[PDB]
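This is what each chain is made of:
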Amino acid sequence: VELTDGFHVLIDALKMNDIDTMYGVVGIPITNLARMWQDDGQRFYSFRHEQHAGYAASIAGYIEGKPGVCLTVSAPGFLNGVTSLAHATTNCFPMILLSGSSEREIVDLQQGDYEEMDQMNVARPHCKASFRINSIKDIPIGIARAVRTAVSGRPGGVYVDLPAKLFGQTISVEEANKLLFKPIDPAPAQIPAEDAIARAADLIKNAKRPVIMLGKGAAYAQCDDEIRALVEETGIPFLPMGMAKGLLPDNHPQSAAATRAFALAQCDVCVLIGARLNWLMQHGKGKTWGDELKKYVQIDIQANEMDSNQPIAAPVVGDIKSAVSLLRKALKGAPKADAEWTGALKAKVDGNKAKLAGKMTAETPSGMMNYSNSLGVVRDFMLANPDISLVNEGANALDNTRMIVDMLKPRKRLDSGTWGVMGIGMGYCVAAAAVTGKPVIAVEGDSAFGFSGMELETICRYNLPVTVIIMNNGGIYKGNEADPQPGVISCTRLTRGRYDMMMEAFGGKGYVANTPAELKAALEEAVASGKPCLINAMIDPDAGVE
Amino acid sequence: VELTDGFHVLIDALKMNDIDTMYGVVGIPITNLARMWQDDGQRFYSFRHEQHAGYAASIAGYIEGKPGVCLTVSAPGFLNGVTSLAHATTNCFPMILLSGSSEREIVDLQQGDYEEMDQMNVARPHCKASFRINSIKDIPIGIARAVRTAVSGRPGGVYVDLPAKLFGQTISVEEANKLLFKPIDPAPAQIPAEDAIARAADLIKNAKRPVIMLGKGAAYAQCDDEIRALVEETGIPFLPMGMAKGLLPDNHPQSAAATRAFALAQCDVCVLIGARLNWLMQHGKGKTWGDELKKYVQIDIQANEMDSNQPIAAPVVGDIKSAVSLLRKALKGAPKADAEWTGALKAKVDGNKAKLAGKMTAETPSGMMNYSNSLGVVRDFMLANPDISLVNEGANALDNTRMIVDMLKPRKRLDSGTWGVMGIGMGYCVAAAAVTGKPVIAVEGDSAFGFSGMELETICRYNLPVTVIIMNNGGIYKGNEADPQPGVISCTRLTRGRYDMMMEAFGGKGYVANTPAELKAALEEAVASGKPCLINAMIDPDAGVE
Amino acid sequence: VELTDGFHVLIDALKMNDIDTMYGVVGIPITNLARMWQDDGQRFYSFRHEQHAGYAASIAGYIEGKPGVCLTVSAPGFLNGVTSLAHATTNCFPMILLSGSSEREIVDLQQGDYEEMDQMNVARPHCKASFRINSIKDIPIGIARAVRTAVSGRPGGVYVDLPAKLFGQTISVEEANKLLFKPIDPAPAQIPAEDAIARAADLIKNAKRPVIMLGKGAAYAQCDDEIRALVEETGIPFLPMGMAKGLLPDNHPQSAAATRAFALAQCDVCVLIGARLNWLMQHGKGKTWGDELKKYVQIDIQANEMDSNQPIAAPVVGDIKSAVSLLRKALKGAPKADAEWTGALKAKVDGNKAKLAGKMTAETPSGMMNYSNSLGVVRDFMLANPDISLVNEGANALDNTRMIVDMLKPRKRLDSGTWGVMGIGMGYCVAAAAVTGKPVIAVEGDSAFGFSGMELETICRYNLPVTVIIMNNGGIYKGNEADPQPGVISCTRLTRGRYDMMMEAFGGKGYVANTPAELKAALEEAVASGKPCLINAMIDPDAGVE
Ligand SMILES: Cc1ncc(Cn2c(C)c(CCOP(=O)(O)OP(=O)(O)O)sc2=O)c(N)n1
Ligand SMILES: Cc1ncc(Cn2c(C)c(CCOP(=O)(O)OP(=O)(O)O)sc2=O)c(N)n1
Ligand SMILES: Cc1ncc(Cn2c(C)c(CCOP(=O)(O)OP(=O)(O)O)sc2=O)c(N)n1
Ligand SMILES: Nc1ncnc2c1ncn2[C@@H]1O[C@H](COP(=O)(O)OP(=O)(O)O)[C@@H](O)[C@H]1O
Ligand SMILES: Nc1ncnc2c1ncn2[C@@H]1O[C@H](COP(=O)(O)OP(=O)(O)O)[C@@H](O)[C@H]1O
Ligand SMILES: Nc1ncnc2c1ncn2[C@@H]1O[C@H](COP(=O)(O)OP(=O)(O)O)[C@@H](O)[C@H]1O
Ligand SMILES: [Mg+2]
Ligand SMILES: [Mg+2]
Ligand SMILES: [Mg+2]
């Protein structure tokens, strides 16, 4: 007798799968879905462009271990969001893009429907799976397939097409209750066999110059104690990848990060934990590895990732928590790494660390700070306040921040990722604030910032505790490239604008820092105020390198 | 032996195909191509996001008749640009997307190369053709293929992949000069057969209530007088589609735009010229067409476009200039349309315009204008200053502007188009200014603006004569939607921001207009100044509709 | 300096991954690869059409557990092979399709190269992964990637594009030998967590009417005794799917195959082992399941396969051998299934078998046998000669054979599979004979046979011990459909041909069987002879159903 509709069944299916937040932009034909979602008591963050709603979704998935959800309209909105879905998939971040689509009959004949596109098809190369839910009765199963696909195996993006006709369909309330359900164990553990473990243990026990590489896959796994115990019990030196920073504290005694180049070229046994031997690792080839094939151990949940670049002497397939637990049990009681090895690296590290300290104390003209002395301030602040998310992107602004700013806690550093994407900054800030409930600090190149800058309005609209630091050097890499022809500005130039004024235009707080002292003062006040702020840090136009 | 590189051969090939402008964002691996393009005396507009450089290229193609060129980096940059390429293809705008790509060997084995992606195949569904130039000796033929594909037949987007190793290749100048060539007649005329024209002439002579529909395809054709000649000599009323406004002066005596519903519902014969019977026309059925199959004449360059929605009684395939010329000749001497038909429509138009006049005169509280009295100011300005491009996007801001602002010149109005895209705004402004060398006015909803607002900095960087008018009502459709839940802002709400301050943050001029008089004074000074300006028009948060 | 070419490095890489057999068709540009493969002492089976070489490779992968390899030429040859690759992926059979391709430069510009096609991207939707090997130094890693992708996780097809220029490349033997390697543990075990197993144990101990469903995934796993052990120790009745027949002797006391409808409709708990809840099982709903959601246990290596059709109460993800072992241990000591449940089913089976016995005994006119008395002969032969592969395809010829012919050994029955494909017949015969070195019998409908009949010549060319039994009823389903119009043959009709003569045309032995006794004598002599034979069984044109 009593009926319910597509809108409500979808809302119930999402809540059923523990989804309480969605990021997106409204309009035909999903505006009423967002309203009812809010009316129902769940939260919806509206952005100014779908790409950045999608970037927020992708990083929410990385932080929480459950698919971040992005909602968009058809055709052009879908396309904007699919670019972020592709980013999630290459980064192995669980994410679900939900998009409304037009009429099946008109689209299938290419007659020119409103926002016409076979979105399901277009999405295929950018996600793990692309589905379409045509019937109200299939909503629970549909959402279940999406969640399982996004979080199981190698996590990634999933596209779910929602035809406009779906929302208006009806079904008896009694019937709808038989259909709704909660999937059991959507992200199962996958334990490797003992002989696989035994093989890796032996390579490790017999290594002379061993090293452990931690990738963001390890950080994602959320088994920080297992990995920390492994590193300290074996006494092996470790190197963290960009987003693996903080898994163990960056200033940990066993960190060989400060002497990476040397540690890699000299090691004989390299243990890869949730890290791909891709471009970020020079593919295991080149002088960075002393022009020789190392004996690799690799732990990854994706079986065919093994031998993708170089032969892997000890492949260990399964989830990181299960595998590390077994590897520790196999190495229990074995002698720690050789002191001459671990000692020769620490020495190197101390040298570089002392040298870096040398640049951070250097003086500069007002409004002409360089990367070392400006970032040194952020470094000191983060060490004192590690429970804050650090968003970071750019070129000089990225590489230097990764070198200078120490992370003491895991899953706090959120950067450009595998594709070296410019544009994740602001979306990453909304998601980090929304899912952590703690402050966020974003170190942005001024070029990188431009890709998502309008979202400052979103940060202000939701009054998030985000402090955006713009490394304003006036351009890409450098801010002083000469005019190619008299009267024409170089393509790498950017207006050394008042981004602080832009922030205030939407209700935020803005600062302008010309020296390390002003930067520190502004940063401390900004973060403590709990208000959305922007610090326009003036960097020497020539301080950067290409 | 005098040698040359890939960079230069490509630059020469582009120049030979009459390209002298490129829109894009630099970085690995095409920064030097952009640099040398500039050194060579050609112009490159650097944007803050590739999607906008792409929208710029698409409209440049529309306005000029030659493909607009967008240049981007690999993977993520290319993806941002391809969203714009898809928009161009959908609207039939000539465009070429040039993107650098990575190493073939690494990408083909999916080993995790820098910015890895098979861009050539990812672009397939979004363009007319997707090519890749691997050898320096093939650059001349590749660019020629790209250009021809973009402008011939139904114009559209084309993707050209440029692997990094292409640029470094060398070849002797002698051989290079022997390969370089300019295609002959890239966009050839295609003349329809005599019977196709006679079939159309027949339907028109026997029409009791004929009407002409002009689409943007007609405007793109650039045969404004032939079309106007055909219209006047036949005495048949006409209706222009969104961007066809101005093909014939909007205030032309034969225009039935002010009574579209009655004209389309009561007509017996409808002549479509460069216009598709898609969603914009309710697919030629339903209440809007009186519920019966009219006898359609259609002139279009795409043969299989015929019978896509409704049976076409007189299909005329070929380029519009060639078709209209022959049709005009076939109708010379024939009796003009029925005066009792043309008279009834005229009376309807005069009636409705008088009705709109009363609205534009309405008085409103300061900071609370509605869409009639605010846009009435733009209307008057555009009637006095016809030679200005008008960019327009939004919902209420789009519909009301299309209805209120009369265009007196062709190809000046540039809006959301076929896909009703939000985000074309600022990109269109740059290209329009760039290719016309005249002033541009943009009427933007505040939500629409957010999709490309950061590019305001680009507009300032190039000191372009662009005036952006924000229809600030505070949200999507309306800015007063009540909190779905206490303390929770509705997903349709946007901050009623000081966009004027954002503009001034980059060196532009900002204004706030609370009344029609202030808007008028502001608009007149902004356009006259010839500098980058933004007018924050304060609209009643409850004036628009859903 | 001793050099080597692409041909040889590839040959070595294949041999290193334990491949010693290839199925294909030669021509430009891979004729010499096949030649040298043979010179090297490896075997190559040349077929009359690539599609059949591909089906051969797919079943070789199923039977052995290592990818079957198919070799083809460019464009059209590759397309014929990819249809088979799609079939392998759908059925989860490990397979690698190696195809030569043309010139990158010409194809990438779509200039009309010899056999032009971007084969790598055309194969995308039909396989787990599509790679291309452009450099000789990458052959070792490429083949390793292909093999791992094919056998790990859910087994499937993989495409490897080999551009013509690959083979001509040279490299020193020293370096070549330094690159060649054999992957470690390509198909790793994946063990499920303790709670996943306990959840399953729980449902089974509380079941009042349990049933086990064995799919071909279980058979492919090759852990026949573990499965049989779990079945006997639990006393739970089982039902095998098409190719799972023989995993446990079909005449095993606990089999409920002879009363499937009642077992599936009346069960309360259903344990799926390497079997999907797809169309073959009515998607776990409707009349066949009594119209209620049973409590499903599922063991599968593909995590996102769970909840694909119906909610899975106890999902157990991991490889079947590892899962069944742990489950068996978790159930040891538990009470066997309800005797009043197992007893009722048994009585149903004995009843129906007796009923089938009477049919097989039925007498028929010469040249007009039905499906029972003809297949009853095959049944008896297969019970006496269990170690023979049985290929089977058709409609009535498939359904009746599946029901009548009992299999006593595992992985012997090879049929149409998941897609109900006609045309697997003759290809399966070649591979089965090739990898088993034992006799093969094929029960083919006459229509099904036509899809691969020309390969009879291939079977004769290699003097393989294959006996093909044609169920000659004269058409699709039936061979007596009346002329739709006078003198016009019905589209379901086929000539009641002398297929025996076709076989003898290529040197094979042909027989015609008009009665069960003649079929019996013919079958016994054909198999015993060990030569290629075909038996033309004359079936009543009106015996089958629609
Ligand atoms: C979407 C996209 N577009 C373009 C690029 C190319 N690119 C761009 C545009 C960079 C910006 C460098 O400028 P910045 O202001 O961010 O930093 P520094 O000046 O501090 O180096 S770094 C880089 O690789 C990219 N990575 N992603
Ligand atoms: C890329 C994209 N995303 C979302 C939409 C949905 N949408 C959106 C977000 C509109 C904006 C309406 O708000 P506005 O401020 O632009 O105008 P008014 O308030 O004046 O109506 S109109 C519309 O169809 C779209 N067309 N394109
Ligand atoms: C490649 C392909 N084409 C067509 C079909 C359709 N089809 C066809 C053509 C069948 C043949 C039935 O005739 P038969 O002679 O093989 O068997 P019976 O007459 O003994 O039933 S069964 C069936 O589903 C198919 N399954 N696969
Ligand atoms: N829970 C998990 N257990 C094991 N491996 C995982 C898990 N989650 C993700 N992975 C793997 O982590 C790896 C991360 O690699 P990558 O993104 O390159 O990290 P990085 O850029 O820091 O080196 C991927 O191969 C992914 O399959
Ligand atoms: N030169 C030309 N001659 C004839 N037809 C053309 C020419 N250029 C473009 N066209 C056609 O113009 C049509 C434009 O349709 P559309 O974009 O729907 O316009 P609108 O939205 O204004 O109705 C397309 O079908 C395109 O094929
Ligand atoms: N070694 C394995 N361990 C667990 N599951 C496997 C293994 N190999 C294959 N599978 C699974 O076997 C299943 C077979 O399903 P299907 O082909 O539908 O069989 P059937 O048609 O006999 O029911 C697939 O879901 C596949 O993932
Ligand atoms: Mg910069
Ligand atoms: Mg608005
Ligand atoms: Mg038949």
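Residues numbered from 1 in each chain as written, not as in the entry; some residues may be left out. Chains lettered and ligands numbered in written order. Part of a larger assembly, values for the part shown. Heavy atoms only, no water.

In its metadata, the entry names X-ray crystallography as the structure determination method and reports 1.73 Å as the resolution.

1. Let's talk about the overall build of chain A
We apply this condition: The way it works is that DSSP assigns letters per residue, a run of H or I at least four long becomes a helix, a run of E at least two long becomes a strand, and they are numbered from the N terminus. Atoms counted for the radius of gyration: C-alpha only. Globule rule: 2.2 Å times residue count to the power 0.38. Three exposure classes are used, based on accessible area relative to the maximum for each residue type with a 1.4 Å probe and protein chains only: buried under 20%, partly exposed in between, and exposed over 50%. Note on definitions: a residue-residue contact is assigned when non-hydrogen atoms from the two residues lie within 4.5 Å. The method behind every accessible area is Shrake-Rupley, applied with a 1.4 Å probe, and residues are considered shielded solely by the protein chains displayed.
Within chain A, the regular secondary structure consists of 22 helices and 19 strands. Taking 2.2 N^0.38 as the reference for a compact globule, 546 residues should give roughly 24 Å; the C-alpha atoms of chain A span a radius of gyration of 25 Å, in line with that estimate. Dimensions of chain A, computed from the C-alpha atoms along their principal axes, are close to 80 × 65 × 45 Å. When each of the 546 residues of chain A is scored for burial, the buried share is 65%. By sequence separation, contacts in chain A at least 24 residues apart represent 75% of the contacts at least 6 residues apart. Summed over all atoms, the accessible surface of chain A reaches about 17700 Å², with 51% contributed by carbon and sulfur.

2. Thoughts on the coordination of the magnesium ion (ligand 8)
Note on metal geometry: ideal angles are 109.5 degrees for four donors arranged tetrahedrally and 90 or 180 degrees for six donors arranged octahedrally. All names here are of chain B. Quick note on the threshold: Counted as donors are N, O and S atoms no farther than 2.8 Å from the metal, or 3.2 Å for Na, K and Ca; water is not among the atoms, and sites may therefore look incomplete.
Looking at the magnesium ion (ligand 8), one finds its protein donor set to be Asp446 (OD), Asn473 (OD1) and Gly475 (O), positioned 2.2 Å from the metal centre. Of note, the magnesium ion (ligand 8) draws all its donor residues from one chain, in the sequence arrangement D-x26-N-x1-G. Of this pair, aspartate 446 sits in helix α19 (residues 446-450) while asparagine 473 is found in the loop between β17 (466-472) and α21 (499-504), placing the two residues 27 residues apart along the sequence. Judged by its relative accessible area of 1%, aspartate 446 falls in the buried class. A relative accessible area of 2% places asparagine 473 in the buried class.

3. Observations regarding the domain arrangement of chain A
All names here are of chain A. Going by this rule: Source of the domain bounds: an automatic or database domain assignment. Buried area is a sum: the accessible area each of two parts loses on coming together, probed at 1.4 Å, counted once for each and added. Salt bridges are defined as contacts in which a side-chain nitrogen from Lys or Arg sits within 4 Å of a carboxyl oxygen from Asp or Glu. Distance and chemistry together define a polar contact, namely a pair of N or O atoms within 3.5 Å, with one atom able to donate a hydrogen and the other to accept it when in protein, and with adjacent residues in sequence counting only for side-chain atoms on both sides.
What the domain assignment lists for chain A is domain 1 (1-188), domain 2 (189-347) and domain 3 (348-546). Between domain 1 and domain 2, the contact holds 16 residues from the first and twelve residues from the second. Contact between domain 1 and domain 2 buries roughly 1100 Å² in total, counting both sides, with carbon and sulfur atoms accounting for 49%. At the junction of domain 1 and domain 2, the tally comes to one salt bridge. Counting across the interface, domain 1 meets domain 2 through five residue pairs in polar contact. Broken down by secondary-structure element, the contributors of at least two residues to the side of domain 1 that touches domain 2 are α3 (50-64) and α4 (75-91).

4. Describing the site of ligand 4
Residues and elements named next belong to chain A. For the record, the criterion: In this text, near means that some heavy atom of the residue lies within 4 Å of the molecule or strand in question. Residues are grouped as follows: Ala, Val, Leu, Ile, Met, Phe, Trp, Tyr, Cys and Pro are nonpolar; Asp, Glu, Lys and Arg are charged; every other residue, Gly included, is polar.
Of all residues adjacent to ligand 4, which total 20 residues, the nearest are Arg154, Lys216, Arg276, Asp300 and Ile320. The contact in question runs from an oxygen atom of ligand 4 to an N or O atom on the side chain of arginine 154, over 2.9 Å. At a separation of 3.2 Å, a nitrogen atom of ligand 4 approaches a polar backbone atom of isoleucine 301. Within the complex, the protein chains bury 95% of what would otherwise be the 580 Å² of accessible surface of ligand 4. For the shell around ligand 4, a count of residues per class yields nine nonpolar, six polar and five charged. Split by domain, the residues of the shell around ligand 4 number at least three in each of domain 1 (1-188) and domain 2 (189-347).

5. A closer look at the coordination of the magnesium ion (ligand 9)
All names here are of chain C. Binding of the magnesium ion (ligand 9) to the protein goes through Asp446 (OD), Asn473 (OD1) and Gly475 (O), at separations of 2.2 Å. Site description for the magnesium ion (ligand 9): donor spacing in sequence, D-x26-N-x1-G. Taken together, the positions of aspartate 446 in helix α19 (residues 446-450) and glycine 475 in the loop between β17 (466-472) and α21 (499-504) put the pair 29 residues apart, joining distant regions of the chain. A single burial state applies to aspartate 446 and to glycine 475, both of which are buried.

6. Considering the site of ligand 3
Residues and elements named next belong to chain C. Near ligand 3 you find 16 residues, and of these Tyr371, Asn396, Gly420, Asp446 and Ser447 are the closest. The backbone of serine 447 places a nitrogen or oxygen atom 2.8 Å from an oxygen atom of ligand 3. At a separation of 3.1 Å, an oxygen atom of ligand 3 approaches a polar side-chain atom of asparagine 473. In the complex, the protein chains occlude 74% of the 610 Å² of accessible area that ligand 3 would expose alone. For the shell around ligand 3, the elements supplying multiple residues, two or more each, are α17 (396-404) and α19. Among the elements that take part in the shell around ligand 3, α19 stands out by supplying three residues, more than any other. Across the shell around ligand 3, the residue classes break down as eight nonpolar, seven polar and one charged.

7. A look at the relation of the copies chain B and chain C
Here is the rule we go by: Here the copies share a common frame obtained from a least-squares superposition of their C-alpha atoms.
For these two chains of identical sequence, chain B goes onto chain C by a turn of 180° and a shift of 0.0 Å along the axis, with RMSD 0.0 Å. Both copies of the chain, as the preceding transformation shows, are related through a two-fold rotation axis. Minimal C-alpha distance to the rotation axis in chain B is attained by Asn121(B), lying at 3.6 Å. With an isologous cut-off of 70% or more, the 100% of interface residues of chain B that recur at the interface of chain C puts this contact in the isologous class.

8. With respect to the interface of chain A and chain B
In this assembly, 70 residues from chain A lie in contact with 72 residues from chain B. Between chain A and chain B the total buried area reaches about 6000 Å² when both faces are included, carbon and sulfur atoms providing 59% of it. Taken together, the links from chain A to chain B amount to four salt bridges. Measuring nitrogen to oxygen at the nearest pair gives 3.4 Å for the salt bridge that ties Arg35(A) to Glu546(B). The interface formed by chain A and chain B contains 32 residue pairs in polar contact. When residues of the side of chain A that touches chain B are assigned to their parent elements, the largest contribution, six residues, is made by α4(A).

9. Structural notes on the relation of the copies chain A and chain B
Mapping chain A onto chain B calls for a rotation angle of 180° and an axial translation of 0.0 Å; the resulting RMSD is 0.2 Å. Take the interface residues of chain A: 100% of them recur as interface residues in chain B, which is what a same-surface contact looks like.

10. A few points about the nonpolar core
Going by this rule: The definition of a nonpolar core used throughout is a set of buried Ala, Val, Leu, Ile, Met, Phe, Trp, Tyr and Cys residues joined through side-chain atoms within 4.5 Å.
Counting 227 residues, the largest nonpolar core has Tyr23(A), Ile227(A), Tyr23(B), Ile227(B) and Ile273(B) as its most contacted members. Counting residues in hydrophobic clusters, the runner-up holds 103 residues, among them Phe47(C), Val82(C), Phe449(C) and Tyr499(C).

11. Regarding the interface of chain B and chain C
The partner chain C presents 21 residues to the 21 residues of chain B that form the contact. Summed over both partners, the interface of chain B with chain C comes to about 1700 Å²; 48% of that surface belongs to carbon and sulfur atoms. Contact with chain C buries surface across chain B, with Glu105(B), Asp108(B) and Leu109(B) losing the most and accounting together for 33% of the total. Summed over the shared surface of chain B and chain C, the number is four salt bridges. Here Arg124(C) ties to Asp118(B) by a salt bridge, and the two come within 3.9 Å at their closest N and O atoms. Our enumeration of links across chain B and chain C arrives at eleven residue pairs in polar contact.

12. Focus: the side chain of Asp406(C)
All names here are of chain C. Note the following rule: Charge convention: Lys and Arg are scored as positive, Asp and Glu as negative, and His as well as the terminal groups of each chain are ignored.
By the secondary structure assignment, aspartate 406 is in the loop between α17 and β15 (413-415). One buried charged side chain, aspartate 406, makes no salt bridge at all; its nearest oppositely charged neighbour is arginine 379, positioned 4.3 Å away. In this view, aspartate 406 contacts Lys245, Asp250, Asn251, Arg379, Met382 and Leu383; residues no more than four positions away in its chain are not counted.

13. Some details on the sheet that holds strand β18 (residues 509-513) of chain C
Residue and element names in this part refer to chain C. This is how it is decided: A pair of strands is considered paired only if DSSP assigns at least 2 bridges between the two. Convention adopted: a line fitted to C-alpha atoms gives each axis, helices being fitted over their contacting stretch, and angles between N-to-C directions are expressed from 0 to 180 degrees.
One open sheet accounts for six strands, arranged β15-β14-β16-β17-β19-β18; its pairing is parallel. Two strands lie at the open edges of the sheet, namely β15 and β18, each paired on one side alone. This sheet shows a mean twist of 15° between the axes of neighbouring strands, independent of strand direction.

14. Brief notes about the state of the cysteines
Selection rule: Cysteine sulfur atoms are paired as a disulfide whenever they come within 2.5 Å of each other.
Enumeration over the complete set of coordinates arrives at zero disulfides over all chains. Its sulfur unpaired, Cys223(B) is 15 Å from the next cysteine sulfur, which belongs to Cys92(B).

15. Comments concerning the packing of helix α1 (residues 6-16) of chain C against helix α7 (residues 139-151) of chain C
Residues and elements named next belong to chain C. Heads up, the rule is: In this scheme the handedness of a crossing depends on how the near helix is turned from the far one: anticlockwise by less than a right angle means left-handed, clockwise means right-handed.
Two numbers describe how α1 lies on α7: the axes approach to 9 Å, and their chain directions differ by 35°. Crossing handedness for the pair α1 and α7: right-handed. Only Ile139, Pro140 and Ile143 of α7 make contact with α1, whose side of the interface consists of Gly6, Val9, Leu10, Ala13 and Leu14. Here the contact of α1 with α7 is built from residues that sort into seven nonpolar, one polar and no charged.

16. Considering the packing of aromatic side chains
Applicable threshold: Note on aromatic pairs: the rings of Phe, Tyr and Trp (six-membered ring only in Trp) are paired at centre separations within 6.5 Å, and the planes decide the class, stacked below 30 degrees, edge-to-face beyond 60, tilted for the rest.
Taken as a whole and assessed by the stated rule, the structure comprises 31 aromatic pairs over all chains. With a centroid separation of 5.0 Å and 75° between ring planes, the pair formed by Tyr45(C) and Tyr462(C) is classed as edge-to-face. Taken together, the residues span a long stretch of sequence, with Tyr45(C) in strand β3 (residues 43-46) and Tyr462(C) in the loop between α20 (456-461) and β17 at a distance of 417 residues. A relative accessible area of 26% means that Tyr462(C) is categorised as partly exposed. Look at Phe78(C) and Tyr159(C): their rings are 4.8 Å apart centre to centre, the planes differ by 55°, and that puts the pair in the tilted class. Of this pair, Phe78(C) sits in helix α4 (residues 75-91) while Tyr159(C) sits in strand β7 (residues 157-163), and the two are 81 residues apart along the sequence. Each member of the pair, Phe78(C) together with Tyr159(C), is buried. Through successive ring pairs, a cluster of aromatic residues spans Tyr23(A), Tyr45(A), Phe47(A) and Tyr462(A).

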